Amino acid sequence: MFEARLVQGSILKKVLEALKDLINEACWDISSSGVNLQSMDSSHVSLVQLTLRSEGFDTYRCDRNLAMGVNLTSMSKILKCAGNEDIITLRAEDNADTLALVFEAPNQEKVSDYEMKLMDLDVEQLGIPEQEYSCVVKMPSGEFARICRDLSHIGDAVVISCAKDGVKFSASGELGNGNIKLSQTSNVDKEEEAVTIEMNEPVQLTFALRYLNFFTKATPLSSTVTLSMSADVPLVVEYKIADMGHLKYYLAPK
Amino acid sequence: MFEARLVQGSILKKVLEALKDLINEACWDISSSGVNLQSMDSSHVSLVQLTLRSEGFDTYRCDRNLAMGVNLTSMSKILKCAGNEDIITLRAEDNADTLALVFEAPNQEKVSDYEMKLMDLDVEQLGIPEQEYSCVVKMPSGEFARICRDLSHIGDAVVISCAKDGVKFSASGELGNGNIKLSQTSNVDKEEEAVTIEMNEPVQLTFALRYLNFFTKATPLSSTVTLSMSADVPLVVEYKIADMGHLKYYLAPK
Amino acid sequence: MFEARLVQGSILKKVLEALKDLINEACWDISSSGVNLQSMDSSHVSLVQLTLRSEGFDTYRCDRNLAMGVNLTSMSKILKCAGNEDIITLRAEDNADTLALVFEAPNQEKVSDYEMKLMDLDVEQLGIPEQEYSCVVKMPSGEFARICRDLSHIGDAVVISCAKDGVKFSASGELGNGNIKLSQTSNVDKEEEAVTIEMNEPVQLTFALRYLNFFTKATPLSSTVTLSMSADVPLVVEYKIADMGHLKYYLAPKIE
Amino acid sequence: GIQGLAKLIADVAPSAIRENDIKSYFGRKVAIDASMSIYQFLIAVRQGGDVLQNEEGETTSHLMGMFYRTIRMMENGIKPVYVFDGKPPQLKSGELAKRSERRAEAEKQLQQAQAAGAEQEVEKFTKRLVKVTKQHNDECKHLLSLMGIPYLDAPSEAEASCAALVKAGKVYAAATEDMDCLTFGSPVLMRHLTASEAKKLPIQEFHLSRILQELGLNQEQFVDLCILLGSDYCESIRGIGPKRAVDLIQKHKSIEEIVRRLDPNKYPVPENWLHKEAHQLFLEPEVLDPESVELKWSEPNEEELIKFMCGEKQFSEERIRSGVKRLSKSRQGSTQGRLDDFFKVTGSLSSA
DNA sequence: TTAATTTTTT
DNA sequence: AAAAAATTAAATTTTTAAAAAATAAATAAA
DNA sequence: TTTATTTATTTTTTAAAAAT
């Protein structure tokens, strides 16, 4: 009864390459208001909240609430069969345990039917109070990939600090100390390469860098990263998926 | 004395890159009508019929019908020395037991002479004649390469089927099952990307995708691949190269 | 108090990418005249003479001739944090205990301070005389990189024969034989893809290929390789970078 | 065999000791005192008290240890000359009597500990019991003859001939953690040469030229210094350790002034034994002729080596085959010279 | 062969 | 305090594999 | 093509077992 024609087929490929190494098994909680995915880590440290609304899908036909368990390594190697320009249709039925994926291509005449067996899993559902966070930044995603990828060579801990000049990333380890300071943008008026800081108070928390390396696998999804955190809440790494969905990554402080 | 100039040396370079993974050692048959290789796999399940005839060679000289034993990994490394634009001059001195490889640069500056240490190896050639094949398809080789790289994740089995509509690449395994449907098109304006299908019988044949991945590793040779098959005859994966020759890949079904 | 703001940090990143595979632990002889590094291989058969003169840096400043020893793997991992156009600013404080590395991107304002822990070395620096070599070969650097990279698959040693026609690289192994023979470019269209030979007398020497691969790891630094050699004298593989210094490379021949 | 010499050179002359890497000595011809290495393997390599021994009854722990150590000696590129001891002199007879008395006390304490039942005490008291016979050194010389790696039989002492091979330049250095090579006259001494993947100890390289530059002495005053602070050839004077012997050498040079001016009422000369015989035996021993040796590292025998070590020592095949393959790889790689043969060392840069 | 450490001593 | 002598007190190196790091070999859209 | 990015054989790494 479930059908979801996603026309810009790089989106689900980027979601499965983002969540392949982090989550091994989860539950794609699919409702009539849009596909959701709220899951904890396999190592049980990081919370992943994925939500895509129905307006981005070209033909989203969802009769009722589907809560089925999808293996993410299986679905990631199924989305590795898809091209970067095709149309992904998620035909499904609740009678059999089949998650059928059909890949219509625009360039070619390819029809790639891919039915996947699904395992029964306990659906985790942990809420988040939607609060106004302390330091909410809007900084480039390639910059966050670069910063986490280079600070992970020093150690497994980053001290992300916000200030009036901007965000400061500080990692300490055996090779030494690495401080990365990102300032504002004065008069470029770009607002995708530009870094904007929304802050009420300066904070200083220590975050693990292996989970940030897992979080920076979502960098082709968006050109912006919305890191929003406070002094006690987990860091929220939000990737705006094509203005039609969001992928939120939660990380407890170290 | 055997001497064979070859200007488009990239073609022989991807021939050795194609035969590096399958064959470790085979008898490179030299004739007056060209170089032949009716090799057979080290796993002993598939036959390789390489035929590069002498009209596409720029300057071909052959006196004796000799068949030297060539380590294919060694000649693959020596052709990995050879550049993509290098004029390759194959040589074989009589009573030397050495296949001499001379690479000439497009400018008259660099000359790369190499040699081999051969072995006294012989093989029993079987010989499969080309009868009236019933089912022949002809898709672009990059698309068939993408199809085998798609279906190799799901399982080590492909069920290639055909009908009046088009070729079906069925596969199944522990990850689920995947059916790739590729239909024929009436497009005579493009030949290297359009697909023509000639069918006589609706046939279902089950293969193994490891050896089909090794045949998939030959696709930079041409943008045209040919999967001719029938009910009980083992199929070919014919690689339609230009006037130099061709490359066949026989494979027994599972 | 040492400080050197280098505006082309890709050059120093390529120096440490070159030196990382060959030397694991090296000592930097930084003086007021320039930045120098003279350290051999751990097998002590392959010496590097890095020179980075003070005219190549923009704001070079060094009070005392401070010698410090870093881990080149760790310094290479910290210089991989810099981008391709990131302005690498050296800083060593007076009574040095650590080295600070500031990476500034030109367009985006971004200060990537990287403090790096120093360590203690005993590295033998050697007095190389200013001798003139008979076989001096200028090559394109990617061509010599290709030659060492594909003759390493054949054998463990390259016989570098030097003729007036051109330099000949011969390697023999259990896989087979190989003879890469070059020619001096009589028709020169471009300087960077031309081979010049500067003969005094013909030489014929054999050199190992592992250290030659470590020499051709310096390929994106300069597009020219000055292969200088003589009879039973170590081969100079000079990577003369653009108006900032020169990266020498020494290698003892396989004597017979 | 000098009691407190390495601590002395670590104290008063730090420029002599350069704790280098084992990778650093590529292609260096090296003489090695071998009998202490034989006791190092027969003491160390035990399978829980029992020595590594075979079906016929003899032990083969030294063969095991020096096969494996010599293969990773060539894998770092060091070319060894395992020099074997000969007839010990009559001046060494007192120290050998003391060693035999200590071995007898270790045997009596082993007979106590065998009835006691503690396994660690028995394995330690047989770890202070190890003594070779000419059959053990014959088995080792058979290993080195099948190795293609040259053995030399010293006439009197192996470290004296090691020092003569350094002094004639036939080898670069003497490799033993015994400290007598600097007494016998070797310029370069290599302590702690252990060819292991577990590189827990650096190669302690001792330079005699920096000792004689730093202390301002010739060979004779250094021999008198080692005699005063204690050798295994003659007794030292009681009450004078390392530092007062250094001061007594530095204030007047020869040992004749030391015995003729220092009063017996405070530091008496024990037994009135003449130290000049030990002095002339350190300077001019019964030593191997260094120009008559054949220091050639030939191609190893493989099939006869397999036949030896698995027909009368019953080893395992694949480890010896990997060792001979690494030996063949090192023999192909050993033709590469150093930069020290062409470019002279003009100092060593030291960081802060 | 060489250390490490408590004891003894100038 | 500085410095000696009594009394022990230690001598190795594979292969195997748990855990982590680096390359070139593919792999390929950007 | 060129430049980097993943997969994944290739290596060290400490720390365990036996090595005959």
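When we count neighbours, we look across all protein chains shown, and the Cβ atoms used for this are built from the backbone with ideal geometry, even at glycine. Just so it is clear, none of the values below were taken in a lab; they were calculated from the coordinates.
Worth a mention:
- Condition broken by D:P80, with the remaining ones in (1) within 16 Å of DNA strand E (Cβ to nearest atom); (2) in contact with a helix residue (DSSP H, G or I) (Cβ under 8 Å, 6 or more places away or on another chain) satisfied: (1)
- Filtering region D:299-352 to residues that are in a loop (DSSP other than H, G, I, E, B), more than 7 Å from chain C (Cβ to nearest Cβ), touching a residue at least 40 places away in the same chain (Cβ under 8 Å) and of a type in the set (S, T, Y) leaves only D:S334.
- When C:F169, C:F144 are screened for being assigned to a helix (DSSP H, G or I) and not polar (S, T, N, Q), only C:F144 passes.
- Scanning region C:137-155 for residues that are more than 21 Å from the chain's Cα centre (by Cα) and more than 11 Å from chain B (Cβ to nearest Cβ) yields a single hit, C:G155.
- One residue stands out among those in region D:41-64 that are in contact (Cβ under 8 Å) with a residue 24 or more places away in the chain and among the small types (G, A, S): the one that is surrounded by the fewest Cβ atoms within 10 Å (Cβ to Cβ), which is D:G48.
- Selection of region C:102-124 for residues being touching a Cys at 6+ places or on another chain (Cβ under 8 Å) and either within 14 Å of chain D (Cβ to nearest Cβ) or free of Cβ contacts under 8 Å to residues at least 60 places away in the same chain (or both) yields C:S112, C:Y114, C:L121, C:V123.
- All conditions in (1) crowded, with 16+ Cβ neighbours inside 10 Å; (2) more than 16 Å from DNA strand F (Cβ to nearest atom); (3) assigned to a loop (DSSP other than H, G, I, E, B) hold for B:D156, with the sole exception of (2).
- Qualifying residue in region B:196-203 (condition: touching a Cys at 6+ places or on another chain (Cβ under 9 Å) and hydroxyl-bearing (S, T, Y)): no
- Enumeration of residues in region D:168-222 that are within 16 Å of DNA strand E (Cβ to nearest atom), among the small types (G, A, S) and either touching a residue at least 60 places away in the same chain (Cβ under 8 Å) or over 27 Å from D:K296 (Cβ atoms) (or both): D:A174, D:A175, D:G185
- Residues of region D:49-69 classified as of a type in the set (F, W, Y) and either within 14 Å of another protein chain (Cβ to nearest Cβ) or more than 10 Å from DNA strand F (Cβ to nearest atom) (or both), total: 0
- Residue among D:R72, D:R46 that alone is within 12 Å of DNA strand F (Cβ to nearest atom) and either in contact with a helix residue (DSSP H, G or I) (Cβ under 7 Å, 6 or more places away or on another chain) or more than 30 Å from C:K254 (Cβ to Cβ) (or both): D:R46
- Residue satisfying all of: in region B:84-112; charged (D, E, K, R) and under 20 Å from B:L72 (Cβ atoms); surrounded by the most Cβ atoms within 10 Å (Cβ to Cβ) among these: B:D86
Residue by residue, here is whether (1) surrounded by fewer than 18 Cβ atoms within 10 Å (Cβ to Cβ); (2) away from DNA strand G (no atom under 16 Å from the Cβ) holds:
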site: D:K124; (1), (2): yes, no
site: D:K134; (1), (2): yes, yes
site: D:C140; (1), (2): no, no
site: D:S145; (1), (2): yes, yes
site: D:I149; (1), (2): no, yes
site: D:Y172; (1), (2): no, yes
site: D:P187; (1), (2): no, yes
site: D:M190; (1), (2): no, yes
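- Taking the criterion of being farther than 18 Å from A:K138 by Cβ, within 15 Å of DNA strand F (Cβ to nearest atom) and of a type outside the set (F, W, Y), the residues of region A:199-219 that qualify are A:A208, A:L209, A:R210, A:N213, A:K217.
- Selection count, region A:173-191, where residues are in a strand (DSSP E or B) and either more than 10 Å from chain C (Cβ to nearest Cβ) or closer than 16 Å to A:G142 by Cβ (or both): 2
- Residues (over 11 Å from the mean Cα position of the chain (by Cα), hydrophobic (A, V, I, L, M, F, W, C) and buried (at least 22 other Cβ atoms within 10 Å of the Cβ)) located in region A:13-51: A:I23, A:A26, A:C27, A:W28, A:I30, A:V35
- Leading residue by the ranking (nearest to the chain's Cα centre (by Cα)) among those in region C:192-220 that are assigned to a loop (DSSP other than H, G, I, E, B) and away from chain B (no Cβ under 14 Å): C:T219
- Of all residues in region D:27-46, those that are away from DNA strand G (no atom under 16 Å from the Cβ) and not hydrophobic (A, V, I, L, M, F, W, C) total 5.
- Any hit, region D:30-43, residues being within 19 Å of D:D178 (Cα to Cα), within 14 Å of chain C (Cβ to nearest Cβ), within 15 Å of DNA strand E (Cβ to nearest atom) and among the β-branched types (V, I, T): no
- Exactly one residue out of C:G56, C:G69 is in contact with a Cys (Cβ under 6 Å, 6 or more places away or on another chain) and in contact (Cβ under 8 Å) with a residue 40 or more places away in the chain: that is C:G69.
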